[PDB]
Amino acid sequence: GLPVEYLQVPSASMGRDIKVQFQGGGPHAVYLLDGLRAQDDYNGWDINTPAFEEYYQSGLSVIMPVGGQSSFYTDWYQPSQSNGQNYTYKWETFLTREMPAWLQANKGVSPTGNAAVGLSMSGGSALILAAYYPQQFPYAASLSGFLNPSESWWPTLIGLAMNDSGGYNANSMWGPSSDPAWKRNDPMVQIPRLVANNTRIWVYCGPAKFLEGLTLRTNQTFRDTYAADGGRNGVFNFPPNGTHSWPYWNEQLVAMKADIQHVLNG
């Protein structure tokens, strides 16, 4: 393995340095993306789980970016017009070009053959990353993600969640919900890409009752649509007693370990 390192990785596009938590152990890597309330000091996976301990000696490096609260790890249209953001979020640019090039040049981490693992806001992001960058991400996991952001109740619920996580503006990110950027970044809409790429996908989920019914309809509709579209490379875990929380999110990270090992490492 490797002692956990704390890296400063420059982002030309965002005009600043992005902190990155890193643990070596192999040329391919698991990207652990954070949730809606991503803090600026440490990645949620490291604050809350033994994710590093669990992938030590796995044959895989672990990459744990820091920051990007309410960013959906996407390239925003503009700075958030609401909370005085003085720059434009460009996290997709960062994760698909700037971080991997840094990591290949300085550490020999391969820019292809990796896994994207996301939760909450980045669950969908991990699927979108694999949909448009299949060489970089043959494996993607969404744990309690927004599988259908562009549809029905979700744009409002996302906008309200961002409002409540740092005062961010979904309008600055992807425009109003009629904007095509909403459907470009909708995992449900991009299922044919996941099917065409033969991406290995791992999907978990487990007022409040209304909210559960919304996620249940959305996630079952996702599963249904993936299978109807020819998907053969998915795992869908909807345990009744699973929760929307770090211990179950970690339980899923552990359960897919062997899965990621076989896919990325043959």
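From 1 onward, residues are counted along the sequence shown.
According to the entry, the deposited sequence has no residues without coordinates between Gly231 and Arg232, so the chain runs continuously there. Relative to its counterpart among 210-218 and 64-72, 210-218 has the higher mean temperature factor, C-alpha atoms as listed in the PDB entry. Per-stretch averaging of Cα B factors for 240-248 and 21-29 places 240-248 on top. The entry lists C-alpha B-factors for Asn83, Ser150, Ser142, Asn114, and the highest of these is at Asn83. Taking only the listed residues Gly159, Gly166, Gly118, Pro176, the entry reports the highest CA temperature factor at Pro176. Per the deposited record, the Cα B-factor of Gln136 falls in the middle third when ranked against the other modelled residues of its chain. For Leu194, the recorded CA temperature factor ranks within the highest third of the chain's modelled residues. For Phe146, the recorded CA temperature factor ranks within the highest third of the chain's modelled residues.
When the modelled residues of the chain are ordered by their C-alpha B factor, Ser172 lands in the highest third. Remark: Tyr204 belongs to the lowest third of its chain, ranked by C-alpha B-factor as recorded.
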